[PDB]
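Everything below concerns the one structure shown next.
2 protein chains.
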Amino acid sequence: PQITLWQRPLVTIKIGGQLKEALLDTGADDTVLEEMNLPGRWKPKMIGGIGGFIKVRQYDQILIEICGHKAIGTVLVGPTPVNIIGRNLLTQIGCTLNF
Amino acid sequence: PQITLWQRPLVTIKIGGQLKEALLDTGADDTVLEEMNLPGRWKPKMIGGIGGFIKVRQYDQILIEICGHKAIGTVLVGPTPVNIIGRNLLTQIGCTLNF
Ligand SMILES: COc1ccc(CN[C@@H](C(=O)N[C@H](C(=O)NCc2ccc(OC)cc2O)C(C)C)[C@H](O)[C@H](Cc2ccccc2)NC(=O)[C@@H](NC(=O)OCc2ccccc2)C(C)(C)C)cc1
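For the record, the sequence lines run as chains A and B.
Just so we're aligned, residue 1 is where the first sequence starts under the deposited numbering, counting upward by one.
Just so we're aligned, residue 1 is where the second sequence starts under the deposited numbering, counting upward by one.
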């Protein structure tokens with residue numbers, strides 16, 4: 001779809017049997033989601049944004065149905081205000097920035 | 001231009017006689033520029049991001065030439081680690097997301 005940016009670019013995802021709503025973020029190198037129940041092994045990791053750093057659980061190799069498109073990658077779960085899809089999955093679903 | 005997301009979507013801007021590089025960010029509602037010399041009257045403000053809030057100064061109707069395209073908006077200067085062009089200027093230069 002073509003998304004124009006007058007409103008936040010939100011899109012529905014299905015992760016872990018679960019229906020979520022996430023923000024399509026080109027200035028996010030990483031995918032970070034609010035605390036949720038996810039099956040598996042996780043590593044601790046820390047990431048920065050403006051304001052500073054949060055600790056997150058890097059889950060590796062999680063399938064995500066991003067707007068009907070399946071992708072598999074590293075998903076970080078942690079105490080974010082909004083669910084963020086970062087360029088590690090945006091390149092998977094073929095997303096480009098156009099102006 | 002069409003920009004893919006294999007690397008950070010960086011672009012050159014010219015703000016106030018100064019040449020800089022900024023991150024074209026759909027997940028940013030606002031444009032926050034690293035500390036710099038802007039002429040003007042600013043108001044304080046606090047913006048939020050993932051690791052907390054920071055205090056930034058709001059300077060309104062600042063011309064920015066983003067990749068040769070001119071736009072005039074509200075720019076916040078403050079302690080960001082990266083310069084960020086957010087959806088308040090991205091919609092101005094005609095930027096859309098596509099997949
Ligand atoms: C509601 O709050 C939100 C809304 C969205 C987010 C998601 N992130 C964005 C971001 O912070 N957006 C800000 C925003 O729109 N916030 C809404 C907002 C809320 C309240 C408000 O009050 C008036 C004003 C506002 O504008 C703008 C201002 C930068 C940007 O996409 C933001 C831009 C940036 C880039 C690099 C370094 C620092 C900042 N991106 C990041 O924070 C991303 N950071 C980044 O990619 O580096 C990651 C990393 C570091 C170290 C080791 C491993 C990885 C990431 C953490 C999401 C992956 C977080 C919180």
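No residue lacks a Cβ here, since even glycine has one placed at the ideal position from N, Cα and C.
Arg57/A sits in a strand when the DSSP states are folded into three classes. Residue contact with chain B for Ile13/A: absent (no Cβ-Cβ distance below 8 Å to any residue of chain B).
Per DSSP, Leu90/A is one residue of the alpha helix (DSSP H) stretching across 87-90. By the criterion of at least three beta-carbon pairs nearer than 8 Å, the segment 60-71 of chain A is in contact with the segment 5-13 of chain A. As DSSP reads the structure, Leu76/B sits in a beta bridge with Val32/B, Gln58/B.
A check of alpha carbon separations from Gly16/B across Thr80/B, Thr96/B, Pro1/B, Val75/B identifies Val75/B as the nearest. When the five nearest sequence neighbours on each side are left out, the beta carbons in the same chain lying within less than 6 Å of the beta carbon of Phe53/B are those of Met46, in order along the chain.
Inclusion of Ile84/A in the 7 Å shell around ligand 1 follows from its C-beta lying nearer than that to a non-hydrogen atom of the ligand. Taken atom to atom, the span from the alpha-carbon of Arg87/A to that of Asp30/A is near 6 Å.
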